[PDB]
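Next comes just one chain, in C-alpha cells: the form deposited in one PDB entry.
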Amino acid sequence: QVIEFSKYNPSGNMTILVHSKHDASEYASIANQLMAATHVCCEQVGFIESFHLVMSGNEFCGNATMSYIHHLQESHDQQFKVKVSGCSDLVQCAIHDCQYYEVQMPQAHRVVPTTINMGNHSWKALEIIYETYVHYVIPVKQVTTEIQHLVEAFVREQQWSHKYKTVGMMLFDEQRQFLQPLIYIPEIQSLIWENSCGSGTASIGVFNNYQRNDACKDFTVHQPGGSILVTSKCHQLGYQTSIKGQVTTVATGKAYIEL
C-alpha cells in the first residue's frame, strides 16, 4: 500500500500528516507502520480527511494540528477553525507572521496545588486534570539526572486513575523558562522524555495563571530541541490556553506498507 505523507518539525518534536485517502479502520495500522518507518510516535501521526484532521488514536494533538496549519499555509495570516479528532467543537487556529502557528489547547478541568514525595524530599506541584490525562507541573531550581530518575521511579510506583491515558511530569525551571517533560503511559508502563503533542507547554501557561494571577501572552517555554510560546488566561469560561510555535517541513514522499 502507498501512503502519501509529509514529516514536520514543530520545535524539534516531529509529526507526520498523511495526504492520501484511506479507510478510517486502517489508520491505527498505517500509523504503527509509519512509526517504525519514520521513528515518529504514533500519537503524532495525523490523517487529513477531505478542513479536517484525524489523529491515529482519535485524540486531539496540538503540535500535529500546528503541523496541519503549516501544511495549509505552505500547500495554499488569518484566524479560522479546524475539525480535529478528540474534540466536541471545532479548534481555534491562527497563522501568524514568520511561520508561527497558534492552536487552542484542551481546557483544564481542574487545578489543585499538591506535594509529591520523591526519595525522602517533598516537591510542591500543580496537578492539572484534563478529560483523558493529568500533568504535574513541578517547579525546580535546575533539572538534574537525579531528579529525572526520582520522577521515573515515582510515576512507575504510583497507581494511576484509568481516567488518565497519559501522566505528565513537567519539570519546570521557572527562572530559565525551561521544561523537561516526561510522559508516562500507564497501560504499557512506558516512559518517554518528550513534550508529546506540545501538551506540557499549555500546562506551563495554566501554572503561570495559577501561580501569579497573571495572563500569559507569548510566554517562551524552552524544551530539549526547541521553544514553544504559551498564551493563557476568563471568569466562568475557565482557563483559555493556546500554544504558538514555528513549524518547518522536514520531508515529503511515499511510504510502502503491508496490506
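Note that the rigid core is defined as the largest set of C-alphas that superpose within 1.5 Å between two forms. Only residues modelled in both forms are compared. One rule holds for the numbers: they count along the sequence shown, beginning at 1.
I'd like the number of residues from the deposited sequence that lie between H222 and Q223 yet are not in the model, binned as none, 1 to 3, 4 to 9, or 10 or more. Gap between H222 and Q223: none, chain continuous.
Relative to the deposited sequence, how many residues with no modelled coordinates occur between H76 and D77 (none, 1 to 3, 4 to 9, 10 or more)? Gap between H76 and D77: 1 to 3 unmodelled residues.
I need to verify one thing: averaged over C-alpha atoms only, is the B-factor higher for 184-192 or for 96-104? The stretch with the larger average C-alpha B-factor is 184-192.
Higher-scoring stretch by recorded Cα B factor average, 21-29 or 238-246: Comparing averages over the C-alpha atoms only gives 21-29.
Highest Cα temperature factor in the entry, among the options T114, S85, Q142, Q177: which one is it? If I rank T114, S85, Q142, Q177 by C-alpha B-factor, first place goes to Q142.
So among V206, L229, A36, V45, who wins on Cα B-factor in the entry? Comparing C-alpha B-factors across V206, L229, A36, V45, the top value belongs to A36.
How does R156 rank on Cα B-factor within its chain, lowest, middle or highest third? It belongs to the highest third of the chain when residues are ordered by C-alpha B-factor.
For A125, return the chain-relative third of its C-alpha B-factor as stated in the PDB record: lowest, middle or highest. Middle third.
Please say which third, lowest, middle or highest, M66 falls into when its CA temperature factor is compared across its chain. Its C-alpha B-factor, which the entry lists for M66, ranks in the lowest third among residues of this chain.
Comparing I147 with the other modelled residues of its chain, is its CA B-factor in the lowest, middle or highest third? CA B-factor rank for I147: highest third.
For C197, the third of its chain into which the C-alpha B factor falls: According to the entry, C197 has a C-alpha B-factor in the chain's middle third.
As for the form deposited in another entry, it is not shown, yet the points below apply to it.
Rigid-core fit between the shown form and the other one, the member of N209, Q33, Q223, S196 whose C-alpha shifts 2 angstroms or more: Everything else stays below 2 Å; the exception is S196.
When the rigid core is used for the superposition, does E59 move between the shown form and the other one (threshold: C-alpha shift of 2 Å or more)? No; that C-alpha moves by less than 2 Å between the shown form and the other one.
Given that the CA-CA distance for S196 and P224 shifts by 3 Å or more in that other deposited form, does it become closer or farther? Their C-alpha distance shrinks by at least 3 Å in that other deposited form.
Using the form shown as baseline, tell whether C197 and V140 are closer or farther in Cα-Cα distance in that other deposited form, where the change reaches 3 Å or more. So the answer is closer.
Given a rigid core superposition, which stretches of at least 3 residues have all Cα atoms displaced by 2 Å or more between the shown form and the other one? Residues 37-43, 195-197 form the shifted runs.
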